[PDB]
Amino acid sequence: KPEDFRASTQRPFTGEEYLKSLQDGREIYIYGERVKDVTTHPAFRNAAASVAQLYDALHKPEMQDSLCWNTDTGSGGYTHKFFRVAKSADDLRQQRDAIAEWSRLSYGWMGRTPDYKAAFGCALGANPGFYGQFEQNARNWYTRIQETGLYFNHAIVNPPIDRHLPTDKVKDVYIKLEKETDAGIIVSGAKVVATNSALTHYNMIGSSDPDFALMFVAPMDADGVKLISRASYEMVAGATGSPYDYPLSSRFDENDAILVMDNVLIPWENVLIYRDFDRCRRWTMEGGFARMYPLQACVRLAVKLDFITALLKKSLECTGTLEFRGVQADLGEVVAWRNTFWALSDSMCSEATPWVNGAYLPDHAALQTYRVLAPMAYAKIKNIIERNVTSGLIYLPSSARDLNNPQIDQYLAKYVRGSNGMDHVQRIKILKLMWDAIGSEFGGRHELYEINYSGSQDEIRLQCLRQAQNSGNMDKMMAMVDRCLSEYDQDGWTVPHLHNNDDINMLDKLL
Amino acid sequence: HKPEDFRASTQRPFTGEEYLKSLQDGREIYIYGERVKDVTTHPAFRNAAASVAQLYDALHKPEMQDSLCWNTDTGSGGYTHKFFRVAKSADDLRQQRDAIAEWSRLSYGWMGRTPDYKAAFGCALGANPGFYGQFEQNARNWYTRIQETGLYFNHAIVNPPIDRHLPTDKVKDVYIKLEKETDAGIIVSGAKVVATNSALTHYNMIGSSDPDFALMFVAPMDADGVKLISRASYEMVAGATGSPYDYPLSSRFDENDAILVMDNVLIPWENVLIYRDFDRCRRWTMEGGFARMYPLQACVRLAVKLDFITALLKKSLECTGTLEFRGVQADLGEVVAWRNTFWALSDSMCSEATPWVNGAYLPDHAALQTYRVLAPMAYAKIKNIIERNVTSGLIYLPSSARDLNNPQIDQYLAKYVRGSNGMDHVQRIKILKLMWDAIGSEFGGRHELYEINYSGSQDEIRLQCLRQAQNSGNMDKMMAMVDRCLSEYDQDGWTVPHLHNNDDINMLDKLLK
Ligand SMILES: Nc1ncnc2c1ncn2[C@@H]1O[C@H](COP(=O)(O)O)[C@@H](O)[C@H]1O
Ligand SMILES: Nc1ncnc2c1ncn2[C@@H]1O[C@H](COP(=O)(O)O)[C@@H](O)[C@H]1O
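Taken in order, these protein sequences are the chains called B and A.
Under PDB author numbering, the letters of the first sequence match residues 9 to 215, 223 to 526, in that order.
Under PDB author numbering, the letters of the second sequence match residues 8 to 215, 223 to 527, in that order.
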């Protein structure tokens, strides 16, 4: 039904059609109050507008070569390239570039745009056989996500568990099967971290007692589905700031909601794994999604780092410190980190492997490496920024209102000039953009997001080790060590090309 | 003369035996105050020479040739190591990348200046010979020779220190300079510090007012007046006071970092490439190709070393029993991630390769710069991870294989120094001594210094990375994105229609009136 807002079944949503499709009485709360319409509400309207621009880009002729492919469904339509299964390394490369083009429309700041779960669509379409009796649901959801550009998110972090309560009363917190009916299954529970779910069409929900081993799809307007929002940096920036003062907070805020399911009916067409510990446990390795979505996440980060790199250079242009050797070296390190994530995405595509049914998966080692390095790189870049743009960021007048009151602005024009023949309005503008990138509450949330998602530092490293072991890479490395050890022993070399040291060993003489 | 004349065939590079013979040429090498007679038999160099020789042998093993070798492009009908012939596509670079890896695996990544390193200098000459003006033909001929023979070059390129308390002459004398121009070539004197493994090479490339200093040329190691002053020999010390079991890398992979001295050396004109030419000397790093090519070799070689270190760390932790703990597994996983990083950078070097001149391709340049910035950080971090996880394992190791072969000692070692996974004390001690030689022996300490410094100071590798971003136009593209962002609003609000003005929600008047 959300795709029925389209005037055409041969293309995805336009922006206007996407926005209309959101006016569906989804139950969203923020600041103790219910949200009437996310497309007009002061906490969500600009973020919605920003996603809508992504849908609009799909239909501009000049973009279509880089953003769009024909569908593979027979519809005669087109879609964003990452919404169709890749059948080669070069298909993955073109997808990489289509992701990048979308990400540039938010300067790398929206990390949960529709292309993130496009990979879940593709995973369903590439390996529907994985799902046994629900194979046909996988196929139909692939076709649907691909043709329409439906906006999914995944809500997947479990709610905390009070360990002093009884084991009676603590099952009620996880996503659980309440009841089986002919019209579908009824479920209750919660997932924390439903990033930008207020603006999506559906969410994927996934994980003894098989009543907990579920994976299914749930629409955002289903009765019983509710979002409890976190503070809105968009609304705070609108109420007490301005675009000039909070240029990113005001338009790219992706609210990290708690997703509550109270007694929700999930039709059988939306169920993918059902009371099935075996399939649930095997899905991360065999379902494909975990092996696919980090291509989008690495590219999105790399675009963000494109932005931060030049924003840092521009900030140092208006303080005047860019000329100093030590400042230049710090900027060069930021460049190297930026380059790194582009190169990892190159390797993802160039070393892609055939998977099933002709589908190709990006290089897996590169995905794990991206996950390990991104938190280190981001923390290090932010510290480089803060220790090089020093006071530039601290004293910035409170507000565009200061610039528009000539009684204040007269002093700003004199004492807050840019150091390269640049006027105070532009200097303040640049440095406020840098501040919103790193120090505003939005910037602080983004640091937390870049550091922690994908998981804890231990866990991403463990997953990296396990990929090396499971792929056979570690055993190949070990083969090399074992060969080295093979070539000598406590009596000397075991290979003929090397010289015994008996003729030069002086230990007998010394002792 | 002609070292390649030691080959029984002109249609293939040296065999190991032929290489070793080619080194018995009365090169003037000093170590420990003494002149070296024959690098192939001397206790400081003989095993390192044998290890390089194994590289030449591999080229002729049938089962290796698909990965290691191509036909030459000279018409000779011969073959060569793939990295010795110019690459003319991204896939050629990938095949070269794989051939470099196969060779590096024969020293487990520990020899960093094997012949494939300067093969990139040969290819640079063969790809852009016009660069050299009147010496273009020398470029062409050197390409052919290096390619067909597998000649072992090194570059000596760091200048000697300058006492700034002496007169302005006396400190002029000390850089490589033209002493005399003659019909038979140029006579040159000076020094280059850091001639890594030059004792085992055939030629060295030497390069950079007063145009007498703006030189680039080739010099054989047996030329009269060419001398090496060696550093301490970890090979000789390990042979003299240790054993293969005790110093399994020092004993065979030591690449002596020599000072290269030229006392009045005659360089024939056929060995000159740049002559009294500040313009060409200044432009050669960016335009000559070598700087844009050899990092492919150096990244792969490091990646192979990290393969080795990664599994050796795992094996060490199997010996102590600590591998099972979560925090140890996470540290090992980080080592894996750094290992993965350098393989991925080499993938990107090849896949994003660009057309250059005369049909040649160059590896992606941003990837080369990134490798150079990241390698010192990764290496120091890996070494610290090893030392904080294997720790006690490495400290107390009995002194010698001699302890194991004396049953009066070995009885105690067998009981108290067992491996923690049903592994006997001989294997436990063996693995951990291998790790120690990799990181804590003097060979290990030199390798840490080499991986960190090299390529240049930390500031400089970062500056070159920034400059590559700027000169390539990458930084201006990034900046166009920033300027677009800035163009979409001003001090009065949005300048684009799709976003909502906040005038309807701004509460500041109310708060402040
Ligand atoms: N099973 C576990 N054993 C030890 N530490 C853990 C475990 N699970 C999570 N942690 C740590 O708890 C912190 C938060 O992890 P998380 O809740 O996964 O974000 C991190 O420092 C993790 O390393
Ligand atoms: N022109 C320079 N200005 C400032 N520092 C330098 C310069 N050249 C070298 N250094 C520093 O001197 C140290 C040794 O550099 P190098 O001699 O290039 O290995 C490093 O810390 C470099 O950053």
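We put the CB at the ideal spot given by N, CA and C, even for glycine.
Could you confirm whether any beta carbon from chain B is found closer than 8 Å to the beta carbon of residue i?
i        : result
A:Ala344 : yes
A:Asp473 : yes
A:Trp450 : no
A:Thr22  : no
A:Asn354 : yes
A:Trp149 : no
Residues in its own chain within less than 6 Å of residue i by CB, not counting five upstream and five downstream?
i        : result
A:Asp417 : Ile423
B:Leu280 : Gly192 and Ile194
A:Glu109 : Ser74 and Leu75
B:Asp45  : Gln31
A:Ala392 : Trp352
Between the Cα of residue i and the Cα atoms of the options, which residue gives the shortest distance?
i        : options                                   : result
A:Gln472 : A:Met489, A:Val387 and A:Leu525           : A:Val387
A:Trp77  : A:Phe91, A:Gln505, A:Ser96 and A:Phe52    : A:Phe91
A:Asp260 : B:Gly507, B:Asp176 and B:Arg340           : B:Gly507
A:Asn488 : A:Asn467, A:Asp378 and A:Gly459           : A:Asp378
B:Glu401 : B:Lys429, B:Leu331, B:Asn354 and B:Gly433 : B:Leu331
A:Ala228 : A:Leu448, A:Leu287, A:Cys295 and A:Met437 : A:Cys295
B:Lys328 : B:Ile445, B:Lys68, B:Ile193 and B:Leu376  : B:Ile445
B:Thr17  : B:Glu41, B:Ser264, B:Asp99 and B:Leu158   : B:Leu158
A:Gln102 : A:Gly303, A:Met363, A:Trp298 and A:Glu474 : A:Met363
A:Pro258 : B:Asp523, B:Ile519 and B:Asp504           : B:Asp504
B:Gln482 : B:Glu249, B:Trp298 and B:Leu382           : B:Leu382
A:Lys125 : A:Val43, A:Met276, A:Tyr308 and A:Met235  : A:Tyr308
State yes or no: is the beta carbon of residue i nearer than 8 Å to at least one beta carbon in chain A?
i        : result
B:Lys444 : yes
B:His514 : yes
B:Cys333 : no
B:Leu173 : no
B:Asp238 : no
B:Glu366 : yes
B:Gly253 : yes
B:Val404 : no
B:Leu522 : yes
B:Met492 : yes
B:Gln422 : no
Suppose the cutoff is 7 Å on Cβ atoms and the five residues either side in sequence are ignored; what does the same chain contact list for residue i look like?
i        : result
A:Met118 : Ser58, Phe267 and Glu269
A:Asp64  : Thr22 and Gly23
B:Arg353 : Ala317, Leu320, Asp321 and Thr324
Under 9 Å between beta-carbons, which chain A residues line up against residue i? List them in chain order, please.
i                      : result
B:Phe13                : Here the premise fails: no neighbours, minimum Cβ distance about 18 Å.
B:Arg432               : Near B:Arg432 there are no residues of chain A at all, since even the closest Cβ is about 16 Å away, more than 9 Å.
residue 527 of chain B : In this structure chain B extends from 9 to 526, so residue 527 of chain B is not present and cannot be described.
For residue i, go through chain B and note every residue whose CB falls closer than 7 Å to its CB, in chain order.
i        : result
A:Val496 : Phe322, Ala325, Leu326 and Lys329
Anything in chain A within Cβ reach of residue i, meaning under 7 Å, just list it in chain order.
i                      : result
residue 2 of chain B   : The structure shown does not extend to residue 2 of chain B, since chain B is modelled only from 9 to 526, so the question has no answer here.
B:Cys479               : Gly347, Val350 and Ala351
B:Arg112               : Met495
residue 530 of chain B : Since the first and last residues shown for chain B are 9 and 526, residue 530 of chain B lies out of range.
B:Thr384               : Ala351, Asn354, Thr355 and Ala358
Short of 8 Å in beta carbon distance, which residues of its chain neighbour residue i, apart from the five on each side in sequence? Order them along the chain.
i        : result
A:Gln61  : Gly23 and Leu113
A:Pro282 : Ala191 and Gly192
B:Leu326 : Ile445, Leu448, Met449 and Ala452
To the nearest whole angstrom, what separates the beta carbons of residue i and residue j, a pair I think is in contact under 8 Å?
i        : j        : result
B:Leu207 : B:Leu75  : Between B:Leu75 and B:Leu207 the Cβ distance is about 20 Å, and since that is not below 8 Å, they are no contact.
B:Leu316 : A:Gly347 : About 20 Å; that fails the 8 Å criterion.
B:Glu249 : B:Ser265 : 6 Å
A:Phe52  : A:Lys28  : So it is not a contact: roughly 15 Å between Cβ atoms.
Could you name the residues of chain B that residue i contacts, counting a contact when the two beta carbons are closer than 9 Å?
i        : result
A:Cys499 : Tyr115, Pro262, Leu263, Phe322, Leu326 and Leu448
A:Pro50  : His514, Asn516, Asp518 and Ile519
Going along chain A, which residues have a C-beta under 8 Å from residue i?
i        : result
B:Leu274 : None at all; the shortest Cβ gap to chain A is about 26 Å.
B:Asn54  : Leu513 and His514
Note down, in chain order, every chain B residue with its Cβ under 8 Å from the Cβ of residue i.
i        : result
A:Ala57  : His512, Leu513 and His514
A:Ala389 : The contacting residues do not exist; A:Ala389 stays about 11 Å from chain B at best.
**Report entry** Residue list, Cβ distance to ligand 4 heavy atoms smaller than 7 Å
**Finding:** Ligand 4 is absent from the structure shown, which contains only ligand 1 and ligand 2.
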